[PDB]
Structures are given as C-alpha cells and as structure tokens.
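What follows is one chain in structure tokens, specifically the form deposited in one PDB entry.
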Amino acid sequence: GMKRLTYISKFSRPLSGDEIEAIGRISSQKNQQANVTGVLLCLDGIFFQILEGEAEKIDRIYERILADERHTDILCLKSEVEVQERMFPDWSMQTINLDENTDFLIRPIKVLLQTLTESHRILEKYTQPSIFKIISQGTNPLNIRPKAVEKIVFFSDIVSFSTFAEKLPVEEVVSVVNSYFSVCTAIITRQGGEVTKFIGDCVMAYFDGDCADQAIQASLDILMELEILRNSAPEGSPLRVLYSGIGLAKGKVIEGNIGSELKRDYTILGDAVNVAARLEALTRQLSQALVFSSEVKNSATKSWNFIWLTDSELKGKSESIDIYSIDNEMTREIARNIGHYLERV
C-alpha cells in the first residue's frame, strides 16, 4: 500500500545554504508526523528528492510541493506503486547539500550527476508529454499493452507556407513558424488537448472523444489570437500575413509500444496523411478557416451556431459525409495578397 516518488527540479531563485537547511528541517518535522521518509539533495541549483509512504499521504504532500514558489520545472522521473520495503526507514527527511561537500570520491560523482541532468533536460524538450504522464502513473511506457481509443483529431496548417520559404531569409521563416507553433500549442494544452506531432507546417493534436466542445473552443481561440497578432505586429512584419486553416475529425487511434529498436512512438492514427490532406483542401475550396465532420458536430453538447456547408469524403472509403463550420464574425485569393506583401518589404 506504499508509494515512492523520485523527482528533479530547478531553483527559482538563489537559495543560500541556511535556507536549504531550513527546508530540510521543516520537512523532517512534518514528514515524521505523517509517517513519510526519504532524502533531499541539492547541487548547483538543482533539487533531487525521493519520498516514500502511504499512498494518500504522499499524494497530498506532493501537491503542496508543486505549489512551493522556491523551485520550478518539476519532473517526476519514477513512480513506484505497491512498494514492498522502505529504502530510508530512519530518515524522515535527510538533507545532503553537495555544493558544500569536498570529499575526494564525491567530486567526480558531482560532475557526472550534473551532466546526466543537463542531458535529461535537453531530451525533455524533444519528447511528447504523454510519456511523462504515463511515467507519473507508475507505468513504464515500453510495457503498455495496446489499446484502441476514439479521439477527436485536430489538424491546423499555415496558408501559402511555400511563399514564406521562397521570399524570406531562413531565420525569418523559422521566426514565423515558431510564433505559429507557440500559439497553437499553448491554446490546445489549455483546453485539455495534447499535441502529438508537427508534420511540416501542420500541427496534429488529440482531444478525448467526448470533448468536441473543447476542440471547437480551442479552434475559435486560435483564430482570435492570430487576428490580434496580425493587427498588432510592427510595420512591415511578416506576421501580418500569417493565416491558418483548421479541420477536425473523429478517428480510431491505437495506443501502445509502436516502432522498431531504432525509434519508438506511443500512438498511431492510420492514414493520418490522407485525412490531413483532405481537410486542407476543404478549407481552401470553401474559403472557410474552420471545417469539421458531422461526427464532431454530433459529439458536441453546447448549442454552437452550426452551419452546413457541403458533402465530402474524408476517409479512404466512399461514404459521403456532411461538412459543417461555425457561423460567426470570425469565420465570416489570400495567397496572391501574401506574395505581394512579402515581396515589397
């Protein structure tokens, strides 16, 4: 019935040795009253901690730790559920300050610890957020059994992206794409979605199958933020001609340990390439910045201002599907305008 968690974090401000000693002594007192044990280490502005005890007590202590202003960038490396024995039975909280330790054998160990944590922080940026979520639940992501799950799938793209690449220096093109990706990822994550990959200039994301309201709201919020960005940019900025198309569909996703010894993935949506290309064509053909299928429309619970637009084909199959949008002032040739503006700047 025991839990044990291990995490790393970063100092949010310079902390002196006496403040670290005080955190350890207060933690030892509170942990003793809760029957919790463990160890706390610091090195060059990094915290490492291991906590063990009854599951409910550990969960409540950890939530408090997450709100402590004195550190940030919390990353849980390991969560062990149904723990057999305690590893630190005599330590309510033992504090080890490695900055102050001068022992002969510990010196190369400090170098090694610092190098491993820095490499870890780089790897963190290039990996999905699902893997870390699975890790915090006590599961090794390589050991998950496969499952099929219904999702709302989100695809967004940049209008006339090739014009940017043809007319601007490469450093400017990267500035534009990064501004776009930052807007999309912030809003999708705020509404409970998960960005799964970038495919060229296209953002691919998932929402739960009964969260169509959140997927529609995220789409409208992205359109609103891009209009604000276009209007508020400096004179002559390429951001003034950044436009997006968005399409939503429903699909069967497989979660599991996918890939080869060389490269792994956590999820696969078969024929994702074809669904994305068909939605891109629809936003262009209809001159509508947001389109979605009847399946998405029917999963929504709120009274959105829906409008029927046309029939299309989204899957490889030959069924004819009704396509909808939202009728509002927001959604009410761009490529020709983009080329001329970018030309004379």
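For every residue, the number given is its place in the sequence shown, counted from 1. Heads up, when I say rigid core I mean the largest set of C-alphas that superpose within 1.5 Å between the two forms.
Not on display, but discussed next: the form deposited in another entry.
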Open item on the list: Once the rigid core is superposed, exactly one of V177, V81, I109, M204 has its CA displaced by 2 Å or more between this form and the one not shown; which residue is that?
Closed with: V81
Task: Shift of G259 between this form and the one not shown at or above 2 Å (CA, core fit) - done: yes
- [ ] Kindly check if the Cα atom of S119 is displaced 2 angstroms or more between this form and the one not shown relative to the superposed rigid core.
- [x] no
Task: Exceeds or equals 2 Å, Cα of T189 between this form and the one not shown, core fit - done: no
Task: Sense of CA distance change between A249 and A272 in the other form, threshold 3 Å - done: closer
Task: Comparison of CA distance in the other form with shown form for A272, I326, at least 3 Å - done: closer
